[PDB]
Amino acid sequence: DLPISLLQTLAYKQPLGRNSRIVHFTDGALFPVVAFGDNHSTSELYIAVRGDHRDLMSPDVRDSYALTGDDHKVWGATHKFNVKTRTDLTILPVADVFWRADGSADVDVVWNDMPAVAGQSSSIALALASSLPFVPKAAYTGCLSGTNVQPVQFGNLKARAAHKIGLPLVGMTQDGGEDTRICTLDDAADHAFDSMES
């Protein structure tokens, strides 16, 4: 059958991030990462960057990867993805992000002791990160079907992670939690470039 929409109260904490290093990225895309235990739920940003930045991961996540739809690796992510990236990517938890004047950013990369990231709501970030020469000021969420976005659960808790550092949640969620709704990959790259203005 199809879903029942139900309301659920969640106890949310922010990840304590550890082993903090400011690194300068000329490119990468942000996306939200949610997890649930007995007790508490978490919402955080991670940054997807093209190439292998394994050196920047915790050891406890370094060996984990998912395949992209053209057989590349996304280091830090768990099972193929729909998305075709023509590059490996690595995703990293981040506590904050300081843009420079040129579209680049100093990104506080952290260790959170979370497991490898499951699910495909990162697909929009993957895409932009595999193609853009700048760090869009926004976080992205949405699974991909070809170039059509599909809506993800947890929009509202996802938006928390973005708003915590002054960024919109952009993409598509089942609960309308995004600040701006974007149904295609073209519109998300349009939005990413727009995000760079003032």
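Residue indices: 1-based, along the sequence shown.
- According to the entry, the deposited sequence has 10 or more residues without coordinates between residue 79 and residue 80.
- Of the two segments, 146-154 and 55-63, the one listed with the higher mean B-factor is 55-63 (C-alpha atoms only).
- A summary of the deposited B-factors shows that, of 42-50 and 28-36, the stretch with the larger mean C-alpha value is 42-50.
- Per the deposited coordinates, the residue with the largest Cα temperature factor out of 174, 184, 9, 20 is 20.
- When the modelled residues of the chain are ordered by their C-alpha B factor, residue 104 lands in the middle third.
- Split the chain's modelled residues into thirds by C-alpha temperature factor. Residue 68 is in the highest one.
- Residue 120: CA B factor in the lowest third of modelled residues in this chain (values from the PDB entry).
- The deposited CA B-factor of residue 113 belongs to the highest third of values across its chain.
- Split the chain's modelled residues into thirds by C-alpha temperature factor. Residue 192 is in the lowest one.
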